[PDB]
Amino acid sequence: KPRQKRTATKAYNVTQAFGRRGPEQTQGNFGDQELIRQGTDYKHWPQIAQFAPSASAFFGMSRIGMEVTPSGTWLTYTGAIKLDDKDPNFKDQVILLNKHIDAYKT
């Protein structure tokens, strides 16, 4: 029920769990219409999930901060996950992620 622990599915999709996609700093930007509708039921979810960090890696790799704003107290995070450009699936992986980044603008 805490937002960060939700898992979107067709029965409880990306908008229900995580809000509409959009350009504001408080919004997620990732997902075309079918990923939004299907969440982890999406046809290529495992190929996306392979880039998501474990809890240990989330706190080990990221730059972590905290911010107390008018809306509340936030744990902030930024980081980058390196793709293997030698993987024979590398080009497909780039295509897959680009299909969903800022897809709401199309």
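A residue's number is simply how far along the shown sequence it sits, counting from 1. Throughout, rigid core stands for the largest set of C-alpha atoms superposing within 1.5 Å between the two forms.
- Root mean square Cα distance to the shown form, taken over structures and residues in 9 other deposited structures of this protein after a core fit, is higher for 66 to 74 when 66 to 74 and 28 to 36 are compared.
- With 23 to 31 and 58 to 66 compared on mean CA B-factor from the PDB entry, the stretch scoring higher is 23 to 31.
- When the C-alpha B-factors of 4 to 12 and 97 to 105 are averaged, 97 to 105 comes out higher.
- The PDB entry gives the largest Cα B-factor of the residues 73, 40, 78, 47 to 73.
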